[PDB]
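Asker: Residue numbers (full-length UniProt numbering), protein chains in the order written: chain A, 2 to 117; chain B, 2 to 178; chain C, 18 to 85. We treat Cβ as the ideally placed atom computed from N, Cα and C, and that holds for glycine.
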Amino acid sequence: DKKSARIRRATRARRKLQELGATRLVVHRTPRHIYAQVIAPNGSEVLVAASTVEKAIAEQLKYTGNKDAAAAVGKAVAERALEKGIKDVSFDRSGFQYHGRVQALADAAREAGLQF
Amino acid sequence: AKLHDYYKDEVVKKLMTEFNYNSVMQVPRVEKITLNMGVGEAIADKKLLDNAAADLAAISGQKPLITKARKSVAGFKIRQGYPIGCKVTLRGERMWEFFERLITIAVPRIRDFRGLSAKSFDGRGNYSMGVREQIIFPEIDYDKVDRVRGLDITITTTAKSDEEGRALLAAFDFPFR
Amino acid sequence: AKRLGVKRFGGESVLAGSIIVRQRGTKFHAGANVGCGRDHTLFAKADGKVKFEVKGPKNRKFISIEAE
RNA sequence: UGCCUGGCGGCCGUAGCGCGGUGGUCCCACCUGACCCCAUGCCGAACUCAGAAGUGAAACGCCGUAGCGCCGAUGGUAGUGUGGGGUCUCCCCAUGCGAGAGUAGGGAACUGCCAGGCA
RNA sequence: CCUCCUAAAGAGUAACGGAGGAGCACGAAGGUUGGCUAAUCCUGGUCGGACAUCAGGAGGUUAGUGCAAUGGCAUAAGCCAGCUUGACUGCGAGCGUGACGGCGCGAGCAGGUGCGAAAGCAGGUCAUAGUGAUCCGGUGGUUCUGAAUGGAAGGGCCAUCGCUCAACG
RNA sequence: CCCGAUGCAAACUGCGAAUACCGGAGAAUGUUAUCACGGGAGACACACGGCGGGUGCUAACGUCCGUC
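(1) For the alpha helix (DSSP H) holding residue 153 of chain B, just list the boundary residues, first then last.
(2) Tell me whether residue 23 of chain B is buried or exposed, calling it buried when 16 or more other Cβ atoms sit within 10 Å of its Cβ.
(3) Using a Cβ-Cβ cut-off of 8 Å (strictly less than) and excluding sequence neighbours within five positions of residue 7 of chain A, which residues of its own chain qualify?
(4) Roughly how many angstroms separate the alpha carbons of residue 44 of chain C and residue 26 of chain B, rounded to a whole number?
(5) Just curious, the beta strand (DSSP E) that residue 57 of chain B is in, first and last residue?
(6) Identify the residues that DSSP records as bridge partners of residue 37 of chain B: which are they?
(7) Only counting the same chain, and skipping five residues up and downstream in sequence, which positions put a Cβ closer than 6 Å to that of residue 178 of chain B?
(8) Mark residue 33 of chain C as exposed unless 16 or more other C-beta atoms lie within 10 angstroms of its C-beta, in which case mark it buried.
(9) With DSSP collapsed to three states, give me the class of residue 116 of chain A.
(10) Thinking residue 33 of chain A and residue 68 of chain A are a contact (beta carbons under 8 Å), I'd like their distance in whole angstroms, please.
(11) What residue range does the beta strand (DSSP E) around residue 128 of chain B cover?
(12) With DSSP run on the structure shown, which of helix, strand or coil describes residue 38 of chain A?
(13) Decide if the region 25-42 of chain C is in contact with the region 148-164 of chain B; the criterion is three or more beta carbon pairs, one per stretch, under 8 Å apart.
(14) Evaluate residue 27 of chain A with the Cβ neighbour count: other Cβ atoms within 10 Å of its Cβ, from every protein chain shown; 16 or more gives buried, anything less gives exposed.
(15) Going by the CB atoms, is the gap between residue 70 of chain A and residue 114 of chain A shorter than 8 Å?
(16) Does DSSP put residue 217 of chain B in a helix, a strand or coil?
(17) Helix, strand or coil, according to DSSP, for residue 79 of chain A in the structure here?
(18) Cα separation between residue 154 of chain B and residue 130 of chain B?
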């Protein structure tokens with residue numbers, strides 16, 4: 002199945018990066034919205050996140066998920082992480098392709114102060 | 002959308018009246034058509050395979066894709082990974098054009114055309130059959146015929162069972178059995 | 018002859034870079050601070066206390082060394 | 001703080017298979033077009049781009065259903081260490097540890113963080 | 001030399017035992033990143049009889065994993081593709097193996113590289129047989145040395161080649 | 001060729017311990033009975049019996065393995 006294929010593809014990289022026992026960044030791409038989260042080495046807690054689902058980001062966005070929305074989510078997550086001080090967590094692209102808006106959001110995070 | 006709009010306008014209403022579905026798109030819909038070729042005698046040389054691939058490319062709007070043998074058997078003298086034929090998958094407007102042109106003109110112009118075999122289904126609601134002597138299509142010019150071959154057209158349908166497949170096939174008026 | 022089997026067990030002190038278990042196949046997989054050689058000979062990447070766990074949907078067995 | 005939907009972990013079939021009901025508040029999914037970001041060893045199949053046009057059909061979510069999978073006591077049984085005996089090929093006695101299978105019982109799982117709607 | 005039992009739950013463990021397999025090979029059959037997942041059965045059809053490609057379903061690794069075999073592989077260790085040769089240089093704590101020389105694994109360090117946006121991986125092959133210690137000979141490099149001196153011969157060091165000694169520490 | 005039932009398999013285990021091996025804590029006793037190095041040894045055709053086994057015709061008062 003599509004979801005099964007995606008999760009099986011993602012879990013390999015997830016475990017590979019978890020072997021280091023380091024913080025990770027996971028971004029889920031949805032046709033409507035975009036989800037972002039930072040996961041501690043424990044794996045059962047959340048530190049920083051920001052998604053277009055909340056109304057706090059849709060004021061300047063005509064559509065839930067697009068280039069502008071992806072950039073805004075990148076800025077929001079970067080600012081929240083910097084104020085919280087995640088200190089250069091790792092990045093995982095939810096077992097997806099780094100070819101679409103994933104690249105845009107990654108570049109936005111990097112230029113916003115992310116060292117991943 | 003040469004026929005997609007017309008299909009939605011015409012077939013959907015009649016089928017909904019037939020079954021009285023609660024959703025517009027619950028009607029079974031065609032997804033793709035598999036244009037395989039069961040020559041079974043291309044082992045002699047690659048020239049026949051190349052000719053068949055060229056014929057399929059001319060028939061459709063895109064180049065075909067060759068396929069290899071699943072397994073090696075001794076009775077049929079087949080090795081492993083041997084390319085025996087090629088197939089085409091149509092999704093979008095090319096599939097609609099192919100279906101419209103085959104239903105409109107190709108179906109009537111068949112000698113001793115006893116009709117499509119209704120029982121010849123896949124057991125779940127999809128139909129697959131091979132109309133031999135593909136020369137019927139004008140695209141295969143008579144002067145450009147090398148050997149007699151046969152087609153393998155399979156219609157991909159979302160039918161839950163065979164009844165929905167029968168209903169969808171009849172929606173195209175099913176010339177006769 | 019070839020020496021196979023397990024030579025370090027649960028609760029057994031092991032120094033850094035010490036072989037834990039030998040195996041022709043992979044009856045165990047690295048957990049935390051555990052490596053994996055070309056011959057599947059498990060070894061510890063740091064000093065600690067050995068331990069065996071059962072994890073995974075398929076009920077696999079892993080060897081993990083808890084930090085001292 | 002109560003209900004619904006999503007992501008992140010443990011637990012790894014007490015979480016599974018099947019049947020019925022049910023879902024468009026938000027969210028999610030199907031999907032139109034792709035000449036544009038992008039891709040097909042052909043195919044918009046999969047990834048990606050612009051949406052609510054239409055729907056919850058299908059996947060998936062929740063409740064019930066113990067038909068079906070699993071564990072599983074208690075007892076008993078086989079087995080076995082220790083010392084002895086017999087009719088010593090094998091078995092028994094005192095003591096300790098005690099199977100497999102199966103029975104009662106269970107469950108249609110549970111658990112921690114945040115987010116959106118309903119309150 | 002290697003695979004399961006014999007070999008009696010650590011390892012090892014006799015016998016003129018049961019079954020046997022090998023002296024290979026790869027400059028891709030390796031590394032990196034990406035995508036994918038089968039044996040088998042039924043239904044329908046042009047050669048098709050029970051077994052050619054295809055469509056669907058059941059099936060969910062019972063195939064494949066180069067070797068005869070064992071234990072593993074779904075995050076696939078299998079398949080396809082973009083690049084490359086980290087199969088690099090000097091090393092290497094510690095551990096295991098054995099009577100022993102010796103042998104295997106090995107995190108990590110310094111220099112420069114390949115892949116990947118990065119995180120990260122790359123010091124050969126899913127692991128377990130493919131080997132030949134020993135002196136002698138062919139080649140090229142190296143003032144290292146040269147029986148008083150300048151050289152020469154000779155010696156020393158570096159890299160490759162001659163093997164059913166199948167009886168093969 | 002395949003399926004249901006019925007028995008077995010040292011070269012089958014979806015299950016499986018008593019016992020022996022290793023690791024940690026612990027009251028008690030043992031002339032440190034444990035370990036490293038150095039000097040000096042002897043032996044290098046063992047028998048019988050119990051235990052679980054291979055071979056042997058499960059005939060053996062036959063033979064070969066590990067423990068006592």
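Answerer: Taking the geometry as given:
(1) First-last for residue 153 of chain B: 153-158, but that is the beta strand (DSSP E), not the alpha helix (DSSP H).
(2) exposed
(3) Non-local beta-carbon contacts of residue 7 of chain A in its own chain, meaning distances under 8 Å to residues more than five positions away in sequence, involve 95, 96, 97 in chain order.
(4) So the alpha carbons of these two residues sit roughly 51 Å apart.
(5) In the DSSP assignment, residue 57 of chain B falls outside any beta strand (DSSP E) and lies within the alpha helix (DSSP H) extending over 47-60.
(6) B/153
(7) If you ignore the 5 residues before and after residue 178 of chain B, its C-beta comes within less than 6 Å of the C-beta of 116, 119, all in its own chain and listed in chain order.
(8) With fewer than 16 Cβ atoms within 10 Å of its Cβ, residue 33 of chain C is classed as exposed.
(9) In the structure shown, residue 116 of chain A adopts coil according to DSSP, grouped into three states.
(10) Going by Cβ atoms, the distance from residue 33 of chain A to residue 68 of chain A rounds to 15 Å, so no, they are not a contact pair.
(11) Residue 128 of chain B -> beta strand (DSSP E) spans 128-130.
(12) strand
(13) The region 25-42 of chain C and the region 148-164 of chain B do not touch, with fewer than 3 CB-CB distances between them shorter than 8 Å.
(14) buried
(15) no
(16) Here chain B has residues from 2 to 178 only, and residue 217 of chain B is not among them.
(17) helix
(18) 6 Å
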